[PDB]
Amino acid sequence: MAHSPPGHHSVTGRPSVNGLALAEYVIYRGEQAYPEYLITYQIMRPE
Amino acid sequence: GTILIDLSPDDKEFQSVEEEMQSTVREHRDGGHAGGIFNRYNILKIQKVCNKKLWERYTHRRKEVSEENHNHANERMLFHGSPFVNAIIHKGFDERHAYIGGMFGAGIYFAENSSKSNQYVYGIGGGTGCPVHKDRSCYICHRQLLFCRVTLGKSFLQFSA
Ligand SMILES: O=c1[nH]c(-c2ccc(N3CCCCC3)cc2)nc2ccccc12
Ligand SMILES: [Zn+2]
């Protein structure tokens with residue numbers, strides 16, 4: 001893995017074009033996330 | 001050391017996780033190429049992931065980050081989709097789970113939009129889709145996402161397309 005930018009612990013990807021998109025985030029240390037919930041699902045075919 | 005505890009659909013905890021999953025679906029600029037064509041999910045199961053060693057590893061790092069950032073971990077709940085979700089729940093996140101070719105460099109990626117993480121369930125760009133039907137828009141096969149506690153600390157803001 002790469003390093004976080006100096007003086008930072010993560011990167012936030014802010015959308016600058018698609019007004020409806022929410023943010024995405026990047027961490028560079030596996031210890032900075034805990035997998036709290038496992039969700040099992042299907043995508044649904046639109047009617 | 002991981003155990004999985006089923007949540008009842010009557011549990012407020014199940015319901016708040018389902019609502020975050022459903023309410024953060026959006027349309028994608030690929031028209032559904034990577035993740036499939038859908039507006040909502042059929043939630044089949046929500047399990048709590050319990051591993052004391054992995055939790056202590058998380059909270060140890062969280063304290064380090066908080067102490068470097070005026071006692072503020074900047075903790076979020078975020079989605080992660082990956083073909084290696086089974087490995088993650090047993091062994092934790094590490095460099096093997098990084099997206100080397102990601103827009104913000106080789107790190108581990110998380111999304112506010114559940115549908116963004118859904119694009120990665122079968123690999124980068126949806127890979128070749130589900131293992132059984134080779135369909136990135138498969139409506140039959142069971143998919144899995146993680147809803148994760150993530151420490152951001154001081155986060156570098158990247159404005160991007
Ligand atoms: O949930 C996400 N997963 C992934 C993701 C990307 C790549 C991978 N791998 C796992 C290790 C093998 C090579 C690629 C696993 C997960 N990328 C995202 C990018 C943006 C927003 C969300 C995600
Ligand atoms: Zn399938």
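A note on names: the letters A, B, ... follow the listed sequences, proteins ahead of strands, and every chain is numbered from 1.
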Quick check on [X] against chain A: is it the side chain, the backbone, both or neither that has a heavy atom closer than 4.5 Å?
| X | value |
| --- | --- |
| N51(B) | both |
| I140(B) | backbone |
| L78(B) | side chain |
| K45(B) | both |
| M103(B) | neither |
| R62(B) | neither |
| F79(B) | side chain |
| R96(B) | neither |
| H97(B) | neither |
| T59(B) | neither |
| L7(B) | side chain |
| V25(B) | neither |
| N113(B) | both |

Got a second to check how far [X]'s [atom1] is from [Y]'s [atom2], nearest 0.5 Å?
| X | Y | atom1 | atom2 | value |
| --- | --- | --- | --- | --- |
| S155(B) | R14(A) | OG | CZ | 12.5 Å |
| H8(A) | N69(B) | NE2 | CG | 9.5 Å |
| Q22(B) | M44(A) | CD | CE | 8.5 Å |
| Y37(A) | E13(B) | OH | CD | 3.5 Å |
| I43(A) | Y139(B) | CD1 | OH | 5.0 Å |
| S10(A) | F104(B) | OG | CZ | 11.5 Å |

Contact leader toward chain B among [options], where contacts are heavy-atom pairs under 4.5 Å:
| options | answer |
| --- | --- |
| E24(A), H3(A), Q42(A) | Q42(A) |
| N18(A), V11(A), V17(A), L20(A) | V11(A) |
| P15(A), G30(A), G7(A), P5(A) | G30(A) |

For the residue pair [X] and [Y], what are the closest heavy atoms and their distance?
| X | Y | value |
| --- | --- | --- |
| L38(A) | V49(B) | N-CG2, 4.0 Å |
| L22(A) | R26(B) | N-NE, 4.3 Å |
| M1(A) | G107(B) | SD-CA, 4.0 Å |

- Note on the structure: Residue from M21(B), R40(B), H60(B) scoring the most non-hydrogen pairs under 4.5 Å with chain A is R40(B)
- Who among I108(B), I46(B), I5(B), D94(B) has the most heavy-atom pairs with chain A under 4.5 Å? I108(B)
- Task: Using a strict 4.0 Å threshold on nitrogen-to-oxygen distance, state whether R29(A) and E95(B) make a salt bridge.
- Result: no
- Message: In terms of relative ring orientation, are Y34(A) and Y58(B) parallel, tilted or perpendicular, with 30° and 60° separating the classes?
- Response: tilted
- With a 3.5 Å cut-off and no angle check, do the side chains of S160(B) and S16(A) form a donor-acceptor pair? no
- Query: Would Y41(A) and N118(B) count as having a side-chain donor-acceptor pair, cut-off 3.5 Å?
  - Reply: yes
- Note on the structure: Cut-off 4.5 Å, heavy atoms of chain B, and the answer for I39(A) is both
- Per side chain to side chain donor-acceptor pair (under 3.5 Å), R61(B) is matched among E31(A), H9(A), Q32(A) by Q32(A)
- Message: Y25(A) vs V150(B), test: side-chain contact (heavy atoms from CB on, under 4.5 Å). Steps then yes/no.
- Response: CA-CA 9 Å; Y25(A) 300 90; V150(B) 183; 5.8 Å; no
